[PDB]
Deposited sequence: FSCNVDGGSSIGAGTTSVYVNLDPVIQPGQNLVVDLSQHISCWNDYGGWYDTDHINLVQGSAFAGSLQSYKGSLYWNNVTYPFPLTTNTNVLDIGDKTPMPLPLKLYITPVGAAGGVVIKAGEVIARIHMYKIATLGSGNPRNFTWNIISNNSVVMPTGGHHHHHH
């Protein structure tokens, strides 16, 4: 099982920065959207649904931190969860070699509120396959804005 960010080199585990362009202003009482399907994709390294991968997001995934005071929602594969995550999400099954953009969106409920270049969320993703032990692996996606977000 492998992923990449913005079509870059393959990733098999570990922590990766994911840079995102956000709305430069965050309106009071309105959600700021961080569409991660636009950046992260993963695939089965054989294809053909032979050793199918099973992917979920993990309890404890949260805002960073410093910025933990915020609340929000995390959309993952047909379900919208409160964020930070207090439980593991549903499982997404990956069996094609064609990359699948992750069905993942973060919603952030509100001078500069978000600083470009700082980690603003840490999303832990868990993989286990089907054959043998399943060869479980952990990924962490460190979400970083390319731009300031204000008021």
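- Going by the record, the unmodelled stretches of the deposited sequence, in order, are 111-115, 157-166.
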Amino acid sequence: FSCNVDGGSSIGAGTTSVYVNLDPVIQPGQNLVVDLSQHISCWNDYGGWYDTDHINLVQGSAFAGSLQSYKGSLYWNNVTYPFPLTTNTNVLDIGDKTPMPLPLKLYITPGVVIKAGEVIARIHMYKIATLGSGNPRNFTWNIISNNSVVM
From here on, numbers count along this sequence of modelled residues.
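By rigid core we mean the largest C-alpha set that fits within 1.5 Å across both forms.
- After superposing on the rigid core, the larger RMS C-alpha deviation in 8 other deposited structures of this protein belongs to 25-33, the other candidate being whichever of 25-33 and 55-63 remains.
- Looking at 120-128 and 66-74 together, the entry lists the larger mean B-factor for 66-74, computed on C-alpha atoms.
- Relative to one another, 139-147 and 18-26 have unequal mean CA B-factors, and 18-26 is the one with the higher figure.
- In this entry, the residue among 102, 112, 58, 92 with the greatest C-alpha B factor is 112.
- Comparing the listed residues 85, 32, 36, 42, the entry records the largest Cα B-factor for 32.
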